[PDB]
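Peer 1: Here you go, one structure.
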Amino acid sequence: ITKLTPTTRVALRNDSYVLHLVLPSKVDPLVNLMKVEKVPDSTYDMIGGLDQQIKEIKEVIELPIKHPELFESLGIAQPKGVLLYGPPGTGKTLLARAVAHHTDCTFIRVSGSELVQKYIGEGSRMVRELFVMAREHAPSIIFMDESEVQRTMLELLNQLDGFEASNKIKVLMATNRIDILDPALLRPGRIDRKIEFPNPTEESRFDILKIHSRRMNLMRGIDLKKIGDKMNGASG
Amino acid sequence: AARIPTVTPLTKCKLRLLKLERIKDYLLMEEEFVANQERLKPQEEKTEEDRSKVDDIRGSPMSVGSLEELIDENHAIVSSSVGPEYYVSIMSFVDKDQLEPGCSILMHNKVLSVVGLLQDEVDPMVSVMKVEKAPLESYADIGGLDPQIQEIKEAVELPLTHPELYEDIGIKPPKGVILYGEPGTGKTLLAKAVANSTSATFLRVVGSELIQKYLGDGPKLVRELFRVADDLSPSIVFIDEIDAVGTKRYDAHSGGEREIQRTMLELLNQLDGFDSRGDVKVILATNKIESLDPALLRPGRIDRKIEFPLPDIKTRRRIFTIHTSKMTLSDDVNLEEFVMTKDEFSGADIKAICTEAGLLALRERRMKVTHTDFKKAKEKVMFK
Amino acid sequence: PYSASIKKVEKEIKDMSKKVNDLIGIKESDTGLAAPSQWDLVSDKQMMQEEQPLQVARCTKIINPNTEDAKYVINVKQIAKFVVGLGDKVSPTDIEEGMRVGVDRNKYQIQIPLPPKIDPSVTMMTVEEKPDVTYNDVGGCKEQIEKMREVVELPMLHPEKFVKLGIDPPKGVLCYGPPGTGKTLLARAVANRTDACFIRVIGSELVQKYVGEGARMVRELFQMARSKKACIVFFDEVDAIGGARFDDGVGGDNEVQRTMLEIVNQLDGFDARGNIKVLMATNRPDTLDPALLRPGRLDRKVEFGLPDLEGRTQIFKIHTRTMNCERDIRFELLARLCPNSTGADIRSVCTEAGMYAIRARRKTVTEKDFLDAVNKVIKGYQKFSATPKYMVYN
Amino acid sequence: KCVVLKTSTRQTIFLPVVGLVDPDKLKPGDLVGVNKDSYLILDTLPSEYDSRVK
Amino acid sequence: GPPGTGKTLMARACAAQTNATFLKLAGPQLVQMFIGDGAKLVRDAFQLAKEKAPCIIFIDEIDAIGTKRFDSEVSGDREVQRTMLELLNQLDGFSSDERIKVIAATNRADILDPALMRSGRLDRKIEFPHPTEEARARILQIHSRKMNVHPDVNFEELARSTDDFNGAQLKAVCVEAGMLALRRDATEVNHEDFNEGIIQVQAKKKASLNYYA
Ligand SMILES: Nc1ncnc2c1ncn2[C@@H]1O[C@H](COP(=O)(O)OP(=O)(O)OP(=O)(O)O)[C@@H](O)[C@H]1O
Ligand SMILES: Nc1ncnc2c1ncn2[C@@H]1O[C@H](COP(=O)(O)OP(=O)(O)O)[C@@H](O)[C@H]1O
């Protein structure tokens, strides 16, 4: 009986509907939601020109991952809020992906759709639906793309602010126009730390080119420096 | 089980011994009367023959049905889980106390007669709002104001502290207490202490959570919160961010203003409706009470008014000495220097400054916090 | 002296009680099972009688019979329609067309009729228990009390004068007044006062989701009322069900108009409700539709306002009937110290006076305590006060 | 000379022979009685509209 | 016409007048959560009406389905407009019938959809106004047909005192007087009784009548 996992499939007789055998691997709703998301798995070595932001995100969240006793010696509270802001999709999305990649955390980024709602709950009255999926997968992180968006984010922040008794839970919301965000979400205790994605320059585009063209079939001799010079810092 | 509730003696008097002897004699007489039934006409095991006969009589495969009406005389009307309405009767073990619409009634497999009831362990609305563990430490962790700590205690805990003091005075606890204060005033910190000290059930309600996207939904959510909290147990349910009733407009809800208005009317009805809600207390807080519906505040629905101001220059000292209790801060700086740094430094400001100083100390992996860390945290907190 | 002698003996008896009760069988906690000493009848005969004798006889809906013969028609909401017939244990006068009944599970013949389905949405909305609000506890509105009794109680109390007089009793009553002025405090009074069923239709309890899914609730409530002998349906917050029709441009705020129209139709005209008296209570009646307030449906238009000089005194005398206060208190001076306050405000003032007295050391309320409570409840909480924004009824 | 009818259970079945009443007796859109056992149309239900209109 | 200018009275008179079967349909009554279920309920209504050729069908509160159509994406009661269109189609036009007559009662003709008043659907538009002075006394004579009052009431005088009152309220004044008469325990109704009832029907409480003498 114990081996028979609740919310799992076991064989059932027909004339009797008596147990016949277990069912191995029927389904995981969180895995299905993630597959619907189709997250772009990345790698920390493929991060483009945001090294300091890389350590900041590491020092922001990952520190209480490979060393949970770091803040205990100093007696400081666990950081809660981290957001990605700046030019849209300037690599901030890629930086977030690489964060989980090098950190091994459960990535879940939502856009407030309705198809995924079929896996969180029947009605999804409150925003606690996602937490239930995360609540059993503690090694998880939360990412949210760029007015009800703040309302869901407002509830999440309030949820993971002392009311959520679970420790080692990370949520990161990414959007543009930080001066246009919700003033209620601008409370000093909500956003534990802030990181922006400034438009890369030529000094930054060189590594961006080295990463992007790495997978292409170039011609003997590249001379990408001049092209990057022709690139007047457009975006990531 | 509940054989005798008389414990008034609470001593070694002969009355307690006599009562115990009488109870023992009655139990022995009952046991002797019962034993002879099996000695003379056992006629069966009475331990497993009855259970086996019940299992073989009631349909072995019991389905998940749903009771929808009440028929006292060996009858019941329900709908088949496929959909076909049934006229299943009542069985011998019916114990017809859960005869309410919704509880699945299990019928037989041979004749589909009511076999068993459906134990319910869901309460979705209550679960999506039930506090499992204490949020924070005792009331001492709030710090500084305690003008409502006594007031809030009298409003909630004092009724639960020893409800004879208000009984001896000939009155019932205050209706409700609405905590309105400046942004980040610590209202949520007050609910933290309320929960860490609370004794009865507590429900947490996100302010926007009352406004749903489908027209008519919001009133249903309010009625469901009222049913869950009231029908569950004595409760202290805090609907935080009440200003979200009409302040914020979202395109998700089909209805316009006449939907937030309907939700507010339903909330008012659920607070002071046409029945006895029972022993239920409400403690709501808001940061912009200037727009809250006037009817939802008239004495009789929300009784106690509590205002939370920013931490005082004398209270700021306790706030700082509290939020930095376990920090290994170096004696290089004096907190009073930053105590007057901000002209209107609220309670959240002190916590933000402490967190920023800790983070800055962390970036260098140093063991203590220096004055420069606090100086650099102060600008990053207030100035942005 | 024998501290351990008695505790050990008591513990032994307590343990033996369970050790002997477990020998008959109360244990094995089930998930909805009755006591083995509660289903004893059905062991070999009763179960073989409660089970073998009867059949499920699934219930369905009838359409109509066909003349020239029994020629009844069987129809299933979710299974199928079919030409069927009743059983040998039914009468042919009761062949109601469109009647919920069960048919022989095998013979597919209706063997048992049934009462109409209850639609638990409007079945849960019955009082079934009058509130604890009595006439002596709602003082301050004696004229309104008499007016409401003449419509709900007096006409039904001695239905001999109205027949002799030769005039139809007044139809209903609408109580519109400033918020907190005592509307529900009297509706609970009406409920605990008479004996006829009172249906509480919370103004929000009628706005349904689907298009027209709400009006159907009005018809259900009206039928459940007319089914009984005499009913009095009290609807509160009547400002939500429907205010008026003002459609302009894109269709908005119209769905509530259909609900209000359905409520009116079941209330007036076309074989009206008859033995059902309406008792509504709006708090902002300014938006009430002209058709609903038009006499003949809600003829009485009683209004409940703030007690002027003696209403406050009566409220103090009533709401303070169980408060330990000094006998030398001058309540009338308090009633003169509250220029325009609501009755709920008076009850809250009595409460706050109790709390302040219990605050520091006292055991009985003091006149100065009530004075200080007035200074905060009325003079301190006056910022909103809920009165000024609704006094004009807008 | 053909018979076409659909059951009240989202099931459609036809009989090569009309039944008790010849096709002259019946017309399209009609609602009649058929055998649940033999799946044979026995008689014709005269008429019944929804009780709501009734 | 007005809320109580009288349409239910005319309908009830027409019902007992003709020697046929009258069809009673409630304005909002013909709707359903199902997509177009109201269309089917209206088609069955028209068929049942055709059942007995001699018959009249009255669609009271025609404003429920007669709501003017709107132009909006989200909402607009598309089902209600569908029911209105079904009623229009069943009324006259393609495969109409001339066997019965339908009497409709609407309280606000402005909200009525333009199609609902298109000759074929409705031919004779009759607006019922409130009795001014003479029908104001006729209403009192009728509604007080069985009321027993001594010959001390001037029906015309009360009619002149009842200014801009509706027929429903006019008759309700009689009920208010009858209830006040029961309060007085007397046997007949005095002119002062009807005068007080007229005042009670207005529902205008006097409070320190000094600002306006
Ligand atoms: N005349 C009165 N006698 C006794 N209690 C009264 C009276 N008027 C008001 N109350 C008090 O008012 C409360 C119930 O009335 P309530 O405030 O619900 O009236 P209401 O007008 O229906 O309010 P709302 O319209 O805002 O819902 C109780 O505390 C009751 O004791
Ligand atoms: N002593 C204190 N007094 C007031 N607020 C405090 C105190 N200590 C901490 N806080 C802060 O008060 C906040 C509690 O939430 P609250 O201020 O009610 O938020 P909001 O007003 O936006 O709902 C937290 O940010 C917490 O860190």
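Each value in this text was obtained by applying a stated rule to the coordinates, not by laboratory testing. A quick note on method: Cβ atoms are made from the backbone with ideal geometry, for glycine too, and the neighbour counts reach across all protein chains shown.
Peer 1: Please find, in a Gaussian network model of chain E (springs between Cα atoms separated by less than 10 Å), the residue of E:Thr21, E:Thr83, E:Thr106 whose mean-square fluctuation is greatest.
Peer 2: E:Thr21
Peer 1: Can you tell which of C:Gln314, C:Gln46, C:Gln111 shows the greatest fluctuation in a Gaussian network model of chain C with Cα springs below 10 Å?
Peer 2: C:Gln46
Peer 1: Consider all pairwise Cα distances in region B:136-223 and report the whole-number % of them above 14 Å.
Peer 2: 72
Peer 1: Below 8 Å between Cα atoms, with a sequence gap of 6+, how large is the relative contact order for chain B in percent?
Peer 2: 13
Peer 1: Also, I was wondering about something else. In a Gaussian network model over chain E where Cα atoms closer than 10 Å are linked, find which of E:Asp71, E:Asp193, E:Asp152 has the largest mean-square fluctuation.
Peer 2: E:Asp71
Peer 1: Report the charge-dipole magnitude of region C:305-357 in Debye, nearest 20, computed about the Cα centre from +1 at each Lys and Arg Cβ and -1 at each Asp and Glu Cβ.
Peer 2: 120
Peer 1: Another question about this same structure. Please state the charge dipole magnitude for the protein assembly as shown, taken about the Cα centre, from unit charges on C-beta atoms (+1 on K and R, -1 on D and E), reported in debye and rounded to the nearest 20.
Peer 2: 1600
Peer 1: Say the dipole of the protein assembly as shown comes from +1 at the beta carbon of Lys and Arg and -1 at that of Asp and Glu; which of C:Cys231, E:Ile59, B:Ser66 then lies farthest toward its positive end?
Peer 2: B:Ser66
Peer 1: At a 10 Å Cβ-Cβ cut-off, how would you order A:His20, B:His371, fewest neighbours first?
Peer 2: A:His20, B:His371
Peer 1: While we're on this one: State, to one decimal in nm², a quarter of the convex hull surface area for the C-alpha atoms of region C:328-394, i.e. the direction-averaged projected area.
Peer 2: Averaged projected hull area, Cα only: 4.8 nm².
Peer 1: Continuing with the same structure: For region C:90-168, report the % of Cα-Cα distances exceeding 14 Å.
Peer 2: 79
Peer 1: Moving on. Can you work out the base-10 log of I(q)/I(0) for region A:105-236 at q = 0.18 1/Å, using the Debye formula on its C-alpha atoms alone?
Peer 2: -1.00
Peer 1: How big is the convex hull of the Cα atoms of chain A, per residue, in Å³?
Peer 2: 197
Peer 1: With point charges of +1 on the Cβ of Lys and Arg and -1 on the Cβ of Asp and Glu, referenced to the Cα centre of the protein assembly as shown, which listed residue (E:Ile198, D:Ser47, A:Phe163) lies farthest in the positive direction of the dipole?
Peer 2: Positive-most Cα among the choices belongs to A:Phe163.
Peer 1: Hey, could you grab the Kirkwood Rh for region B:261-329? Inverse mean 1/r over distinct alpha carbon pairs, Å, one decimal.
Peer 2: So the Kirkwood estimate lands at 15.6 Å.
Peer 1: Take chain B, mark every one of the chymotrypsin sites (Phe, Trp or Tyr not before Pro) that falls in a DSSP loop and has at most 16 other Cβ within 10 Å, then report the longest stretch left between them, sites excluded.
Peer 2: Segment B:1-213 is the longest.
Peer 1: What are the GluC sites (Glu not before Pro) within region E:73-140 that DSSP puts in a loop, where the Cβ has at most 14 other Cβ atoms within 10 Å?
Peer 2: E:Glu73, E:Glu98, E:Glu127, E:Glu133
Peer 1: When the Cα centres of region E:129-184 and region A:165-228 are compared, how far apart do they sit, in Å?
Peer 2: Centre-to-centre distance over Cα atoms comes out at 84 Å.
Peer 1: Let me ask another. I'd like the distance separating the alpha-carbon centroids of region B:322-345 and region B:272-297, in whole Å.
Peer 2: What the calculation gives is 39 Å, centre to centre.
Peer 1: If exposed GluC sites (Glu not before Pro) are those in a DSSP loop with at most 11 other Cβ within 10 Å, what is the longest stretch of chain B that has none?
Peer 2: Answer from the scan: B:165-289.
Peer 1: What does the helix-only formula give at 222 nm for chain C: each DSSP H stretch with n ≥ 4 adding -39500 (n - 2.57), the total divided by the residues, and the result rounded to the nearest 500 deg cm²/dmol?
Peer 2: Value at 222 nm, helices only: -9500 deg cm²/dmol.
Peer 1: Kindly put A:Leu83, D:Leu31, C:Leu261 in sequence by how many other C-beta atoms sit within 10 Å of each C-beta, fewest to most.
Peer 2: D:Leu31, A:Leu83, C:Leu261
Peer 1: Here's something else I'd like to know. Quantify how much of the Cα-Cα distance distribution of region E:1-64 extends past 13 Å, in percent.
Peer 2: Here the long-distance tail beyond 13 Å is 68 percent of all Cα pairs in region E:1-64.
Peer 1: Moving on to the next point. Based on other C-beta atoms within 10 Å, arrange E:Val74, C:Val190, C:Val374 from fewest to most.
Peer 2: E:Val74, C:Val374, C:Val190
Peer 1: Kirkwood Rh over alpha-carbon pairs of region B:249-384, then Stokes-Einstein at 37 °C and 0.692 mPa s: what D in µm² s⁻¹, rounded to an integer?
Peer 2: Estimated diffusion coefficient is 173 µm²/s.
Peer 1: Taking N as the number of residues in the protein assembly as shown, what value does Rg over Cα atoms divided by 2.2 N^0.38 Å take?
Peer 2: Dividing the Cα radius of gyration by 2.2 N^0.38 Å gives 1.12.
Peer 1: List the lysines whose Cα sits under 23 Å from the Cα of C:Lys130, skipping any in the same chain fewer than 8 residues away.
Peer 2: B:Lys172, B:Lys175, B:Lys281, C:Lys142, C:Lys147, C:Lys171, C:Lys183, C:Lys228, C:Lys229, C:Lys277
Peer 1: What is the Cα radius of gyration of region E:60-158 over 2.2 N^0.38 Å, N being its residue count?
Peer 2: In units of the globular-protein estimate, region E:60-158 measures up at 1.63.
Peer 1: Rounded to the nearest 500 deg cm²/dmol, what is the calculated helix-only ellipticity per residue at 222 nm for chain A, with -39500 (n - 2.57) per DSSP H run of length n ≥ 4?
Peer 2: -9000 deg cm²/dmol, from helical runs alone.
Peer 1: Next up: For region C:311-349, which trypsin sites (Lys or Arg not before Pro) are in a loop by DSSP, counting at most 15 other Cβ atoms within 10 Å?
Peer 2: Qualifying residues, ordered by number: C:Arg321, C:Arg327, C:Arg330, C:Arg336.
Peer 1: Can you give me the span-like helices of chain C, meaning DSSP H runs with 20 Å or more of Cα extent along the axis and Kyte-Doolittle mean at or above 0.0?
Peer 2: TM-like helix candidates: C:343-359.
Peer 1: On a C-alpha basis, how far is the centre of region A:84-141 from the centre of region C:174-244 in Å? Whole number, if you could?
Peer 2: Here the two parts' Cα centres lie 46 Å apart.
Peer 1: Sticking with this structure for a sec: Dipole of chain E (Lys/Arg Cβ +1, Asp/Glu Cβ -1, origin at the Cα centre): which of E:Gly167, E:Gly38, E:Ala181 lies farthest to the positive side?
Peer 2: The listed residue farthest towards the positive side: E:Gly38.
Peer 1: Principal axes first, then extents: for the Cα atoms of region A:1-81, list largest minus smallest coordinate on each axis, whole Å, largest first.
Peer 2: Over region A:1-81, Cα extents along the principal axes are 66, 34, 20 Å.
Peer 1: With contacts defined as alpha carbon pairs under 8 Å and 6 or more residues apart, what's the relative contact order of chain E in percent?
Peer 2: Value for chain E: 21 percent.
Peer 1: Related question: Considering the alpha-carbon set of region C:1-146 alone, what are its Rg and its Dmax in angstrom?
Peer 2: Rg and Dmax of region C:1-146, Cα atoms, are 28.7, 95 Å.
Peer 1: If you don't mind, another one. For region C:152-290, what are Rg and Dmax over the alpha carbons, in angstrom?
Peer 2: 16.0, 55
Peer 1: Turning to a different aspect of this structure: Viscosity 1.306 mPa s, temperature 10 °C: Stokes-Einstein D of chain C from its Kirkwood Cα radius, in µm² per second?
Peer 2: D, rounded to a whole number, is 59 µm²/s.
Peer 1: Percent relative contact order of region C:215-302, based on C-alpha pairs within less than 8 angstrom and at least six residues apart?
Peer 2: Relative contact order for region C:215-302 comes out at 40 percent.
Peer 1: While we're here: So what's the back-of-envelope 222 nm ellipticity for chain B, counting only DSSP H runs of four-plus at -39500 (n - 2.57) apiece and dividing by all residues, rounded to 500?
Peer 2: -11000 deg cm²/dmol
Peer 1: Just the Kirkwood number for chain B, please: inverse of mean 1/r across all distinct Cα pairs, in Å, one decimal.
Peer 2: Kirkwood radius, chain B: 26.7 Å.
Peer 1: Here is a further query. If you only keep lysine pairs separated by 8 or more in sequence, or across chains, how many in region A:23-89 come under 17 Å at the Cα atoms?
Peer 2: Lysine pairs meeting both conditions in region A:23-89 amount to 6.
Peer 1: Over all Cα pairs of region C:211-330, how is the pair count split among 5 Å bins, expressed in % and running from 0 up to the last occupied bin?
Peer 2: The distribution over region C:211-330 is 2, 9, 16, 18, 14, 10, 7, 8, 7, 4, 3, 1, 0, 0, given as percents.
Peer 1: If only Cα atoms are counted, what is the Rg of region C:235-394, and what is its Dmax, in Å?
Peer 2: Looking at region C:235-394, its Cα Rg and Dmax stand at 21.6, 66 Å.
Peer 1: With charges set only on the Cβ (+1 for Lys and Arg, -1 for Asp and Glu), what does the dipole of chain C come to about its Cα centre, in debye to the nearest 20?
Peer 2: Taking the Cα centre of chain C as origin, the dipole is about 1120 debye.
Peer 1: Something else: If I require 18 Å or longer along the helix axis, counting alpha carbons, and a Kyte-Doolittle average no lower than -1.0, what helices from chain B are left? Use full DSSP H segments.
Peer 2: Span-like helices here: B:14-40, B:217-232, B:257-272, B:347-363.
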